[PDB]
């Protein structure tokens, strides 16, 4: 069953009312919930402007206290391609930074509904590509990995695919990712209601981001439909037990493993989707952050 602490939490109305409130109202509510986390002190934090193919892309750069040279992690936030942003993700990104002793670049990719698919993907790629061609700006001799949660994990996985034969990414980290259309998994059926992320939420997000049903079959939304998953970066995939998106995350893990990509797939029991964003209330989140950090420390510094 659910961790009791998390049942107490849900029963007291901890929620983001996706599809029952306006886009701005839900952005504000998620900002508030995620700002409740403290911000660990790190090194220098600057905001930058990345010259994208279609837009001028804001990113926030976190350096650790540790001296360089560094590995660089591109971090793509979750929020269903509609909510979240650099500011709301700042506590988590700080915490990853201090756990990985690496440079984190949190990308403010363009959001729906104002910008539809595949805009978020194109921004996430263009930022990855640019950061990779400008490591000198970040003291990034040890290379670049990519990470994200919810939609961000989607964008991370898609970026890695798009990067095959163009970029040598060290590593990809998929935190409870969405990896494609799913009307059948057991996790989607059984945890469709009452575990914070709902089937209605997933449907609502797609109503805002996708342009037509044809986009459901496009690999830049459903990476699990990609034709060839071979030679992608090695992966850490984290999954939650009580999460409609569980079974798909684990499917993607298995498919990567089947195409010879090394994957470590970890299911965090007793917890819900999005638990890293609420690490102060859900201790297991701290442990996931620790996993992420110490895996990146190995692959960047031997």
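Numbering follows the first chain given and starts at 1.
Asker: Given the B-factors recorded for C-alpha atoms, which segment has the greater mean, 243 to 251 or 66 to 74?
Answerer: Comparing averages over the C-alpha atoms only gives 66 to 74.
Asker: Which is higher on average in the deposited entry, the C-alpha temperature factors of 37 to 45 or of 261 to 269?
Answerer: Going by the record's values, the stretch with the higher mean is 37 to 45.
Asker: Per the coordinate record, which of the options 187, 101, 172, 119 holds the highest CA temperature factor?
Answerer: In this record, 101 carries the highest C-alpha B-factor of the candidates.
Asker: Tell me which of 149, 228, 215, 203 tops the list for C-alpha B factor in the record.
Answerer: Most elevated C-alpha B-factor of the set, per the entry: 228.
Asker: Going by the entry, which third of its chain does the Cα temperature factor of residue 91 land in?
Answerer: According to the entry, residue 91 has a C-alpha B-factor in the chain's middle third.
Asker: Please rank the C-alpha B-factors of the chain's modelled residues and tell me whether residue 165 sits in the lowest, middle or highest third.
Answerer: Highest third - that is where residue 165 ends up once the chain's C-alpha B-factors are sorted.
Asker: Considering only modelled residues of the same chain, in which third does the CA B-factor of residue 198 rank: lowest, middle or highest?
Answerer: For residue 198, whose C-alpha B-factor we compare with every modelled residue in the chain, the answer is the lowest third.
Asker: For residue 9, does the deposited CA B-factor place it in the lowest, middle or highest third of the chain?
Answerer: Ranked within chain, residue 9 CA B lands in the highest tercile.
Asker: Would you mind ranking residue 124 by its C-alpha B-factor against the rest of the chain and naming the third, lowest, middle or highest?
Answerer: CA B-factor rank for residue 124: middle third.
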